[PDB]
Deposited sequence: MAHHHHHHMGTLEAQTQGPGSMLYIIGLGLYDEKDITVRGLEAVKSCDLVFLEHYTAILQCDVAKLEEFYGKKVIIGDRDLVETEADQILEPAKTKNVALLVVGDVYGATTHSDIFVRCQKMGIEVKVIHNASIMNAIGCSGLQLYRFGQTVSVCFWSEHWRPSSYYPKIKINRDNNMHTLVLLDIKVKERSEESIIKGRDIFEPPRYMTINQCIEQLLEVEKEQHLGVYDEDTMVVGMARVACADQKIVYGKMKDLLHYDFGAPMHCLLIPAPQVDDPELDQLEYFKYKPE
């Protein structure tokens, strides 16, 4: 019978899909890509003949209405839950009596392990947003304070805007700028200019870039194309963690 397949594509290119994921794609009558998938390092035409199927790039009932009768696949960058954006889909499916099958893959949340920081030591994940006129939210700030006061690392996820018009990805540079301005305005002493942090670009991709250095140094560092994120280590870093970070130390 009918089924909605939500399938994690991994983080880099078309080869990061699982065998299971490739099989569901191939069994499905319709295959949708979350637009966010344009960030993957493949092009759509090559992807289509890698699947042997036509793919649809995408509010939308165009995915769920067919799913009421046919096997439909939705393809998302990373991991279904790892992304956590896809929570409204589950609810909409429940509301409409559609069975959902999740196929898991790599997530930025585990992948950042390549920094050398221990993943068990990560506290809660925070999001930095694009500021706009009077809208200058800094809700993440007190949560970073909690992570640091309690000796946990922080993963800082950065914003992704679509609307005007091409998608604008927040950079590590703009992220550090905003964090420095919030500390200046709120002065709780959570981090500063000289705090050693980890800028990460294109995690789990071939041209992955990782730099460990001061906020003031990473502020002006060129990290290249998105996706970017930031790691703010706990105030104490284990020697084995420091030994790995040192490989990415900033110069000159």
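Residues of the deposited sequence lacking C-alpha coordinates, counted from 1, fall in the stretches 1-19, 78-84, 191-203, 292.
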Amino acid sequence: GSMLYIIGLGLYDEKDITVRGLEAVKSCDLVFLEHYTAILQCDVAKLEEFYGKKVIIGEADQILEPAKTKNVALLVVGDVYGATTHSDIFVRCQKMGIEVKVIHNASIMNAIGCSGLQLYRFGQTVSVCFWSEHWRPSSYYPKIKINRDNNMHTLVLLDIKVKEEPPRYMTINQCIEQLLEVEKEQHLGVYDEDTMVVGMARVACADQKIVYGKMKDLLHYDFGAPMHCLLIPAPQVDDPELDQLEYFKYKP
From here on, numbers count along this sequence of modelled residues.
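Look at the mean CA B-factor for 219-227 and for 28-36 in the entry; the higher one is 28-36. In this entry, 78-86 has the higher mean Cα B-factor, the comparison being between 78-86 and 98-106. Going by the entry's values, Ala45 shows the largest Cα B-factor out of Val190, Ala206, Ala45, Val197.
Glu177: CA B factor lies in the middle third for its chain, per the PDB record. For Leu245, the recorded CA temperature factor ranks within the lowest third of the chain's modelled residues. Annotation for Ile144: CA B-factor lies in the lowest third of the chain's modelled residues. For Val162, the recorded CA B-factor ranks within the highest third of the chain. Only modelled residues enter the ranking. Sort the modelled residues of the chain by CA B factor and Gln124 lands in the lowest third.
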